[PDB]
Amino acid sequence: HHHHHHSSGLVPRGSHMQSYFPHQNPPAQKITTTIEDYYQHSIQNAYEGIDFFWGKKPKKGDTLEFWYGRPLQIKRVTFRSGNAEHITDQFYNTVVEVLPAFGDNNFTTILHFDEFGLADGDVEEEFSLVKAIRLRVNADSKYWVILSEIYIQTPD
């Protein structure tokens, strides 16, 4: 019988900097997460360019997955965590992994969230034609989590 901590008593923001960086990403067949979202800041909204994702504390084993209906060619991946209003709310101890369309029937790590809370890089050619992209959390966090940018950049 846990006591819900009410947070919809709204306050002036601490920072006036941009909270979210939308992109048109390739259409996903399925988007899943095991992380509870907050204040309707859904992972689908973040992927689809509507608003930032805000999740509760990640736990070891949590995933956020983007599945594609046909092999998808990707050039770069960016997941930007935290934002200026919530610099603590990063993905810690989390990988970005891809499931290649052909070549490996399991996910392979392509990026880590760095000391800025950013997982960003060019995708090597062997991982560039994908079935799915996901985040996988390797440890419990003390903090909630924000994704302020998701950009799955194609080579076109």
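When you see a residue number, it is the position in the sequence shown, counting from 1.
Higher mean CA temperature factor, per the PDB entry, when comparing 91-99 with 106-114: 106-114.
Look at the mean CA B-factor for 31-39 and for 116-124 in the entry; the higher one is 31-39. Highest C-alpha temperature factor among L135, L10, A132, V145, as the PDB entry reports it: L10. In this PDB entry, the Cα temperature factor of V77 sits in the bottom third of its chain's modelled residues, the lowest group.
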